[PDB]
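Visitor: when you get a sec, could you give me coordinates for this:
(chains A and B)
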Amino acid sequence: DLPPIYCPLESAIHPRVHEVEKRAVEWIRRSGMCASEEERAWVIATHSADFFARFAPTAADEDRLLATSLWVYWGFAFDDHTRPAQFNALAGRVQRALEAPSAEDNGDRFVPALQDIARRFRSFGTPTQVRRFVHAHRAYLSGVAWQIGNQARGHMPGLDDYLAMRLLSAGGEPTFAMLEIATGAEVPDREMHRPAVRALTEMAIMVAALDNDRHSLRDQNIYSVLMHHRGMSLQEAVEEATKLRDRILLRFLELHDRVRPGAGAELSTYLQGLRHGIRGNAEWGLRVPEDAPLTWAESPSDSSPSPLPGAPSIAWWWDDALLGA
Amino acid sequence: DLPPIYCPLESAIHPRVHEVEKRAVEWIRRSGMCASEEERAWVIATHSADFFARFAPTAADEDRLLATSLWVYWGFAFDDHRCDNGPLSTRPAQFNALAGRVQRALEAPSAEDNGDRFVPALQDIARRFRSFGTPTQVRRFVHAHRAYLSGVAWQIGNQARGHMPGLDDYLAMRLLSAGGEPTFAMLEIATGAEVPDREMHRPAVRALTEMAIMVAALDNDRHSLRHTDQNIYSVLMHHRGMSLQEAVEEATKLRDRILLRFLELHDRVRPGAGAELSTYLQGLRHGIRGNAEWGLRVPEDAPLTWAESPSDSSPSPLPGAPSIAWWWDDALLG
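Guide: Residues are numbered from 1 along each chain as shown, chains lettered A, B, ... in the order given. The coordinates are given below.
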């Protein structure tokens, strides 16, 4: 019993989505990241071009939209897999290959593909935009390492730890750090790293992450964490999860409205990218198994302007004294 | 049987080191990082203020040299109690969770410690870094910090499996696990010189940072030689069937080659550098030298000897380490 999603945000998709999808399907087939035709079909069936065309709907350069979409395909293909000890090494190697073009594949299937993506990013993006994506990619790999860690030990994390980890393990950091690369609109340091923008970025990531949890009811996820800790039933957890998520999005809209008016063209595009991304991520979740009409919740299920109790690690999102920008 | 260190770089130490060491000893006592009197005295005996006062010897504000110095103390304590000998040293699953929690505590001032002694200490250091560094410098430190932790996770993974990495994985891993990224990312905070994104992130500058880090990491491995530990020596003894004495000569050759390429690239990049990049590059240089000099002095006033010449002066990439070959590629580092 799944309530409709609260997402009063702009929905749009690149007009050239289908041309990019074609080129991306080509690159998947040639990438070497897939053993069998059955594995390609699985990665092709993620419709990651359709996903990311919703994040950068007006990207001037079709090739930047392709490069950024390819990573999303790479991410789905990488996460369809490993013990923590081998993973920590593999995470280290893959991330080195992202940062070091002279790194060699050593027969690892994912490294050439990521290095082809990195080479496309280095031919378009500034060294600054590449370093942002690089750091986001390591943050994601740390999240995955954390989640594989918990599973191998049978640690079910409490809410604060789950939300912190899922911030990273969902792949939201690298996805949102590709907005600039797709658009070409370079956000200056003093704007991109304002705490206020950091909280907007994390809050957009968290809501996309909790919406991915919801699209997965069909084993570390907000529902398990709430059931295991708060002794809730599935329904009671579904209802509590929707309240957490809707409260976070409410904070996002509020902080966004405080921040958007003073913003430069580049930060402004980035912020419309967060919004497009949150909505795109929800809409892609509903439309992926395409053209049927979607139903959306008109109101938050919880309107509280105060921080989530039991999640101190995300409380600073609500602390305007800390975010004076 | 160890040859002297090739290190023809500026030795200098902050004229206020002794005052800063005093306030840092005070902070280590009320820090909470340390269970016993015995640990406190260990942390203190790292002389981390002397170490980092070599990295930023003209720091205008000793509060900034202090804050940065604190992380170096936190660093030794974190390695010694969580990474090298802690029940976590062979438990990557548990270490992966700790690294997530410690990193989150550094990015999120509202995070709670969950009874981990190292977190409130880190959060205090973070609060200082935020009080006078720009949010850009704080993020460069925070990113460098997760990089360091990823390296330790890789190291601890290898220890659990009894896996001795090869030269390529070892140099890539050690680039991170030896804590040089966050060490060097504190130069800006210590000095107040905000290096613009366009300059800091130039591949040439990134390569100098990595080479400054590799060299300091291999001087650390040299410092730790005075079988099963992952270091350049067991790496070479295992993968290339060498005696310890052959590994030692081999390690010295590779390290000196990297230092020469650092020196060559430094000389091509320094002339055009703006004032903030120039300060950062003097830091890399002061750091390399500071790391080695601190390592021969840490039990310290006696005359040291240095190698007048490198052990190998080949101007091309290390054999068997393609992950660093791009440091020699002047086209990619335009």
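Visitor: in what helix or strand does residue A:310 lie?
Guide: Here residue A:310, judged by DSSP states H and E, is contained in no helix and no strand.
Visitor: elements contacting the helix or strand where residue A:93 lies?
Guide: If you go by DSSP H and E, residue A:93 is part of helix A:84-99. For helix A:84-99, the packing partners by 3 or more CB pairs under 8 Å, 6 or more residues apart in numbering or on different chains; DSSP states H and E come out as helix A:110-124, helix A:127-153, helix B:92-107, helix B:135-161, helix B:167-177. C-beta here means a position set from N, CA and C on the backbone, and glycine is covered the same way.
Visitor: the same query, at a cut-off of 6 Å, please.
Guide: helix A:110-124, helix A:127-153, helix B:92-107, helix B:135-161 (3 or more CB pairs under 6 Å, 6 or more residues apart in numbering or on different chains; DSSP states H and E).
Visitor: got the residues of the stretch 1-150 of chain A near chain B?
Guide: A:84-85, A:88-89, A:92, A:96, A:100-104, A:127-128, A:131, A:135, A:138, A:142, A:145-146, A:149 (CB under 6 Å from any CB of the partner chain).
Visitor: which bits of the stretch 151-300 of chain A sit near chain B?
Guide: So far as CB under 6 Å from any CB goes, the stretch 151-300 of chain A lies against chain B at A:152, A:153, A:164, A:165, A:189, A:193.
Visitor: ChimeraX command to pick out the buried ones of these?
Guide: Restricted to buried positions by 16 or more other CB atoms under 10 Å in any protein chain shown, the ChimeraX selection for these reads:
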select /A:152,164,165,189,193
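Visitor: so can I have TSV of the residues of the stretch 151-300 of chain A next to chain B showing distance to residue A:268?
Guide: TSV is the format used below for these (distance: CB to CB, whole Å):
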residue	distance to residue A:268
A:152	44
A:153	44
A:164	29
A:165	31
A:189	16
A:193	16
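Visitor: return the closest of the residues of the stretch 151-300 of chain A next to chain B with respect to residue A:12.
Guide: residue A:193 (27.3 Å; CB to CB).
Visitor: give me phi/psi at the closest one?
Guide: Here is the backbone geometry of residue A:193 (degrees, to the nearest 10): phi -100, psi 0.
Visitor: wait, it touches residue B:139, no?
Guide: Yes. Residue A:193 is in contact with residue B:139 according to CB atoms under 6 Å; the separation is 4.8 Å.
Visitor: now which of the residues of the stretch 1-150 of chain A next to chain B would you call buried?
Guide: Buried among the residues of the stretch 1-150 of chain A next to chain B (16+ other CB under 10 Å): A:84-85, A:88-89, A:92, A:96, A:100-103, A:127-128, A:131, A:135, A:138, A:142, A:145-146, A:149.
Visitor: pull the number of nearby residues for residue A:91.
Guide: Applying other CB atoms under 10 Å in any protein chain shown, we find 25 residues neighbouring residue A:91.
Visitor: could you find the closest non-adjacent residue to it?
Guide: residue A:141 (4.1 Å; CB to CB, 6 or more residues apart in numbering or on different chains).
Visitor: what number of residues lie near that neighbour?
Guide: By other CB under 10 Å, 27 other residues sit near residue A:141.
Visitor: and residue A:201, by the same measure?
Guide: Residue A:201: 23 neighbours (other CB under 10 Å).
Visitor: what do you get for residue A:29?
Guide: 13.
Visitor: how about the nearest residue to it, chain neighbours excluded?
Guide: Ranked by CB to CB, 6+ apart and with sequence neighbours excluded, the top spatial neighbour of residue A:29 is residue A:40, at 5.9 Å.
Visitor: burial of that neighbour, as a residue count?
Guide: Residue A:40 - counted by other CB under 10 Å - has 17 other residues nearby.
Visitor: do residue A:286 as well
Guide: 17.
Visitor: do I have it right that it meets residue A:294?
Guide: Yes. Using CB under 6 Å, residue A:286 makes contact with residue A:294 at a distance of 5.4 Å.
Visitor: list the residues that contact residue A:126.
Guide: Contacts for residue A:126 were tallied using CB atoms under 6 Å, 6 or more residues apart in numbering or on different chains; they are residue A:186.
Visitor: ah, wrong one, I meant residue A:210
Guide: Contact analysis of residue A:210 by CB under 6 Å, 6+ apart lists A:222, A:245.
Visitor: just give the number of residues close to residue A:302.
Guide: With other CB under 10 Å as criterion, residue A:302 counts 17.
Visitor: residue A:18 now?
Guide: 12.
Visitor: next: residue A:1.
Guide: 7.
Visitor: and the gap between the spatially closest residue to it that is not a sequence neighbour and chain B?
Guide: Distance criterion CB to CB, 6+ apart; nearest residue to residue A:1, sequence neighbours excluded, is residue A:235 at 6.2 Å. Distance, residue A:235 to chain B, using CB to the nearest CB, to the nearest Å: 29 Å.
Visitor: thank you kindly, that will do.
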